[PDB]
file coords_37.pdb (PDB, C-alpha atoms (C1' of nucleotides))
MODEL        1
ATOM      1  CA  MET A   1       3.905  23.168 -14.123  1.00  0.00           C
ATOM      2  CA  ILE A   2       3.896  19.868 -16.015  1.00  0.00           C
ATOM      3  CA  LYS A   3       7.427  19.387 -17.390  1.00  0.00           C
ATOM      4  CA  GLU A   4       9.245  19.208 -14.043  1.00  0.00           C
ATOM      5  CA  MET A   5       7.007  16.302 -13.037  1.00  0.00           C
ATOM      6  CA  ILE A   6       7.944  14.636 -16.349  1.00  0.00           C
ATOM      7  CA  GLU A   7      11.649  14.797 -15.511  1.00  0.00           C
ATOM      8  CA  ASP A   8      10.638  13.505 -12.071  1.00  0.00           C
ATOM      9  CA  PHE A   9       8.950  10.484 -13.671  1.00  0.00           C
ATOM     10  CA  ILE A  10      11.686   9.739 -16.211  1.00  0.00           C
ATOM     11  CA  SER A  11      14.374  10.012 -13.517  1.00  0.00           C
ATOM     12  CA  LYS A  12      12.987   6.867 -11.870  1.00  0.00           C
ATOM     13  CA  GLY A  13      12.057   3.634 -13.627  1.00  0.00           C
ATOM     14  CA  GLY A  14       8.494   4.737 -14.286  1.00  0.00           C
ATOM     15  CA  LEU A  15       6.190   3.389 -16.984  1.00  0.00           C
ATOM     16  CA  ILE A  16       2.855   4.424 -18.510  1.00  0.00           C
ATOM     17  CA  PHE A  17       0.381   1.635 -19.241  1.00  0.00           C
ATOM     18  CA  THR A  18      -3.278   0.961 -19.985  1.00  0.00           C
ATOM     19  CA  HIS A  19      -3.368  -2.809 -19.341  1.00  0.00           C
ATOM     20  CA  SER A  20      -1.378  -4.766 -16.770  1.00  0.00           C
ATOM     21  CA  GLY A  21      -1.379  -8.046 -14.878  1.00  0.00           C
ATOM     22  CA  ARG A  22      -0.300  -6.530 -11.547  1.00  0.00           C
ATOM     23  CA  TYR A  23      -3.981  -6.222 -10.578  1.00  0.00           C
ATOM     24  CA  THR A  24      -4.163 -10.023 -10.224  1.00  0.00           C
ATOM     25  CA  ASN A  25      -0.860 -10.592  -8.394  1.00  0.00           C
ATOM     26  CA  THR A  26       1.309  -7.963  -6.702  1.00  0.00           C
ATOM     27  CA  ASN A  27       4.552  -9.739  -7.678  1.00  0.00           C
ATOM     28  CA  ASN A  28       3.821  -9.327 -11.404  1.00  0.00           C
ATOM     29  CA  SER A  29       5.669  -6.654 -13.395  1.00  0.00           C
ATOM     30  CA  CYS A  30       3.969  -6.802 -16.805  1.00  0.00           C
ATOM     31  CA  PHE A  31       3.207  -3.429 -18.405  1.00  0.00           C
ATOM     32  CA  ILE A  32       2.034  -2.748 -21.977  1.00  0.00           C
ATOM     33  CA  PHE A  33       0.633   0.372 -23.675  1.00  0.00           C
ATOM     34  CA  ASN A  34      -2.171   0.364 -26.259  1.00  0.00           C
ATOM     35  CA  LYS A  35      -2.361   3.251 -28.724  1.00  0.00           C
ATOM     36  CA  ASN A  36      -5.708   2.430 -30.364  1.00  0.00           C
ATOM     37  CA  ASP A  37      -7.582   2.740 -27.046  1.00  0.00           C
ATOM     38  CA  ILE A  38      -6.580   6.379 -26.440  1.00  0.00           C
ATOM     39  CA  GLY A  39      -9.617   8.657 -26.451  1.00  0.00           C
ATOM     40  CA  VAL A  40     -11.091  11.826 -24.973  1.00  0.00           C
ATOM     41  CA  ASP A  41     -12.010  10.243 -21.615  1.00  0.00           C
ATOM     42  CA  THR A  42      -9.513   7.363 -21.408  1.00  0.00           C
ATOM     43  CA  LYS A  43      -7.904   6.831 -17.998  1.00  0.00           C
ATOM     44  CA  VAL A  44      -4.360   5.464 -17.840  1.00  0.00           C
ATOM     45  CA  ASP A  45      -2.085   4.177 -15.092  1.00  0.00           C
ATOM     46  CA  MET A  46       1.585   4.555 -14.200  1.00  0.00           C
TER      47      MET A  46
ATOM     48  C1'  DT B   1     -84.368 -45.797  -0.911  1.00  0.00           C
ATOM     49  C1'  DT B   2     -88.016 -40.045  -6.229  1.00  0.00           C
ATOM     50  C1'  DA B   3     -88.802 -37.021 -10.034  1.00  0.00           C
ATOM     51  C1'  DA B   4     -89.034 -30.654  -9.833  1.00  0.00           C
ATOM     52  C1'  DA B   5     -88.571 -25.679  -7.308  1.00  0.00           C
ATOM     53  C1'  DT B   6     -87.269 -21.394  -5.203  1.00  0.00           C
ATOM     54  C1'  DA B   7     -83.681 -19.316  -0.786  1.00  0.00           C
ATOM     55  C1'  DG B   8     -85.934 -10.778   0.094  1.00  0.00           C
ATOM     56  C1'  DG B   9     -85.720  -6.159  -0.721  1.00  0.00           C
ATOM     57  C1'  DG B  10     -84.399  -0.996   2.460  1.00  0.00           C
ATOM     58  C1'  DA B  11     -81.256   1.937   6.180  1.00  0.00           C
ATOM     59  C1'  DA B  12     -76.038   2.683   9.103  1.00  0.00           C
ATOM     60  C1'  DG B  13     -71.366   1.468  11.218  1.00  0.00           C
ATOM     61  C1'  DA B  14     -68.952   7.653  16.710  1.00  0.00           C
ATOM     62  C1'  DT B  15     -65.869  11.039  18.764  1.00  0.00           C
ATOM     63  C1'  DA B  16     -61.708  13.022  22.023  1.00  0.00           C
ATOM     64  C1'  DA B  17     -56.434  12.502  24.723  1.00  0.00           C
ATOM     65  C1'  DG B  18     -51.393  10.473  24.966  1.00  0.00           C
ATOM     66  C1'  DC B  19     -46.610   6.409  22.907  1.00  0.00           C
ATOM     67  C1'  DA B  20     -40.414   7.971  28.397  1.00  0.00           C
ATOM     68  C1'  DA B  21     -35.619   8.865  29.934  1.00  0.00           C
ATOM     69  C1'  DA B  22     -30.155   7.071  30.871  1.00  0.00           C
ATOM     70  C1'  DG B  23     -25.405   4.045  29.777  1.00  0.00           C
ATOM     71  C1'  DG B  24     -21.970   1.375  26.642  1.00  0.00           C
ATOM     72  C1'  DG B  25     -20.582  -0.754  20.637  1.00  0.00           C
ATOM     73  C1'  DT B  26     -12.697  -4.071  21.809  1.00  0.00           C
ATOM     74  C1'  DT B  27      -8.485  -5.716  20.775  1.00  0.00           C
ATOM     75  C1'  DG B  28      -3.862  -9.108  17.866  1.00  0.00           C
ATOM     76  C1'  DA B  29      -1.852 -11.415  12.917  1.00  0.00           C
ATOM     77  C1'  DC B  30      -1.627 -11.192   7.135  1.00  0.00           C
ATOM     78  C1'  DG B  31       4.867  -5.836   2.423  1.00  0.00           C
ATOM     79  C1'  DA B  32       7.631  -5.372  -2.301  1.00  0.00           C
ATOM     80  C1'  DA B  33      12.099  -4.065  -3.828  1.00  0.00           C
ATOM     81  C1'  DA B  34      15.904  -3.026  -3.070  1.00  0.00           C
ATOM     82  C1'  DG B  35      20.872  -1.003  -0.501  1.00  0.00           C
ATOM     83  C1'  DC B  36      24.827  -2.969   2.341  1.00  0.00           C
ATOM     84  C1'  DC B  37      27.539  -6.747   4.877  1.00  0.00           C
ATOM     85  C1'  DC B  38      28.930 -11.681   5.980  1.00  0.00           C
ATOM     86  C1'  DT B  39      29.207 -16.859   4.965  1.00  0.00           C
ATOM     87  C1'  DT B  40      29.120 -21.032   1.694  1.00  0.00           C
ATOM     88  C1'  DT B  41      29.378 -23.338  -3.114  1.00  0.00           C
ATOM     89  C1'  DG B  42      31.171 -23.120  -8.183  1.00  0.00           C
ATOM     90  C1'  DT B  43      33.919 -20.997 -12.440  1.00  0.00           C
ATOM     91  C1'  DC B  44      38.260 -17.903 -14.209  1.00  0.00           C
ATOM     92  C1'  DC B  45      42.855 -15.107 -13.507  1.00  0.00           C
ATOM     93  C1'  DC B  46      47.309 -13.909 -10.557  1.00  0.00           C
TER      94       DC B  46
ENDMDL
END
call {"tool": "encode", "arguments": {"input": "coords_37.pdb", "output": "structure tokens"}}
result
Amino acid sequence: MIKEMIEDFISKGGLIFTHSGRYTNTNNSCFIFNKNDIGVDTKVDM
DNA sequence: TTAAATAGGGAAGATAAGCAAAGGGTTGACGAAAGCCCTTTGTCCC
């Protein structure tokens, strides 16, 4: 129920991130992940 | 071209009825990340 979608994501050039600069300009491709900000109700983006 | 001295107490402010219907509220322009092909320029090999 969850794994197949994980192979779906890793098949393409997907990335998991919490902070990015693409929200200021669409042409940006900067993605970084922060481990210290992970909590119970922390929303992430991909 | 005046010195002082005060300016009311009481009562009381109406009720009933009703405020409409119909029609319409616009279009056109503001994408990134690739795949393939061709051409040109430049480098290297044969």
call {"tool": "closest_residue", "arguments": {"input": "coords_37.pdb", "among": "A:22, A:27, A:3, A:11", "to": "residue 33 (chain B)", "atoms": "only C-alpha atoms (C1' of nucleotides)"}}
result
A:27
call {"tool": "resolve_selection", "arguments": {"input": "coords_37.pdb", "expression": "the PyMOL selection byres ((chain A) within 12 of (chain B))", "output": "count of residues only"}}
result
5
call {"tool": "atom_distance", "arguments": {"input": "coords_37.pdb", "atom1": "CA of residue 4 (chain A)", "atom2": "CA of residue 36 (chain A)"}}
result
27.8 Å
call {"tool": "atom_distance", "arguments": {"input": "coords_37.pdb", "atom1": "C1' of residue 36 (chain B)", "atom2": "CA of residue 7 (chain A)"}}
result
28.4 Å
call {"tool": "axis_aligned_box", "arguments": {"input": "coords_37.pdb", "around": "region 23-38 of chain A", "padding_each_side": "6 Å", "output": "lines of an AutoDock Vina configuration file"}}
result
center_x = -1.0
center_y = -2.1
center_z = -18.5
size_x = 25.3
size_y = 29.0
size_z = 35.7
call {"tool": "atom_distance", "arguments": {"input": "coords_37.pdb", "atom1": "CA of residue 44 (chain A)", "atom2": "CA of residue 19 (chain A)"}}
result
8.5 Å
call {"tool": "residues_around", "arguments": {"input": "coords_37.pdb", "residues": "residue 21 (chain A)", "least_positions_apart": "2", "cutoff": "6 Å", "atoms": "only C-alpha atoms (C1' of nucleotides)", "output": "PyMOL selection string"}}
result
chain A and resi 23-24+30
call {"tool": "write_last_selection", "arguments": {"input": "coords_37.pdb", "atoms": "C-alpha atoms", "output": "CSV table (one decimal), in the coordinates of the input"}}
result
chain,number,residue,atom,x,y,z
A,23,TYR,CA,-4.0,-6.2,-10.6
A,24,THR,CA,-4.2,-10.0,-10.2
A,30,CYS,CA,4.0,-6.8,-16.8
call {"tool": "resolve_selection", "arguments": {"input": "coords_37.pdb", "expression": "the PyMOL selection byres ((chain A and resi 46) around 9)", "output": "list in words"}}
result
residues 14, 15, 16, 17, 18, 44 and 45 of chain A
